[PDB]
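J.: Quick one: experimental structure and sequence below.
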There are 2 protein chains.
Amino acid sequence: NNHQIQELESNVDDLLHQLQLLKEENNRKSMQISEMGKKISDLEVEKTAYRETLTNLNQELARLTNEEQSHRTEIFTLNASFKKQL
Amino acid sequence: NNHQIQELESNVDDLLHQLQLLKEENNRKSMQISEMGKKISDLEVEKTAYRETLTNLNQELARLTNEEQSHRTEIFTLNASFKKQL
């Protein structure tokens, strides 16, 4: 008819626009995925740094409190053993 | 010519295939972005949990070591002050 060519013109125009917009999206998404991949690696090693220091300091803390305790006990035993002789 | 219609047939076929493959990519990427967004939030709060415990235990550790030190000093001062009278 008198419309049959103008039909494809507009259609082709659309496909080629959409495929512009989508190649654009795919690009913005590839970039965001790169940046998020890096953020994940960074957070993972920062989490590991805090965890490993936490567990190391927990061990020292256990060690000290166990000492402060055995020392606190021994000084109470001697101080009662003092007044029982005196 | 005798080629001019078969030309668009194959072309249109391509655009419509590519736009299939790209709508597919955009979908796989939207999903991966969702999962990475969540992983980032999870790692951020796990990092915070380790950091806040680390800083709390560091304070207790400082407190103990300062005590164990003032106690260790005082018991050396008294023990030298002992043998100087005796």
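T.: Received, thanks. Residues are numbered from 1 along each chain as shown, chains lettered A, B, ... in the order given.
J.: Let me know the angle separating whatever helix or strand residue A:19 lives in from helix B:4-85.
T.: For residue A:19, the host element (DSSP states H and E) is helix A:4-85. If you take axes from the mean of the first three to the mean of the last three Cα atoms, to 10 degrees, helix A:4-85 sits at 10 degrees to helix B:4-85.
J.: quick one: is helix A:4-85 near chain B?
T.: Yes. Residues of helix A:4-85 contacting chain B under Cβ under 8 Å from any Cβ of the partner chain: A:8, A:12, A:15-16, A:18-19, A:22-23, A:25-26, A:29-30, A:32-33, A:36-37, A:39-40, A:43-44, A:46-47, A:50-51, A:53-54, A:57-58, A:60-61, A:64-65, A:67-68, A:71. The way it works is simple: take the backbone N, C-alpha and C, and place the C-beta from them, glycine included.
J.: Please indicate which of these are buried?
T.: For those, a burial check counting by 16 or more other Cβ atoms under 10 Å in any protein chain shown picks out A:19, A:22, A:25-26, A:29, A:36, A:43, A:47, A:50-51, A:54, A:57, A:61, A:64.
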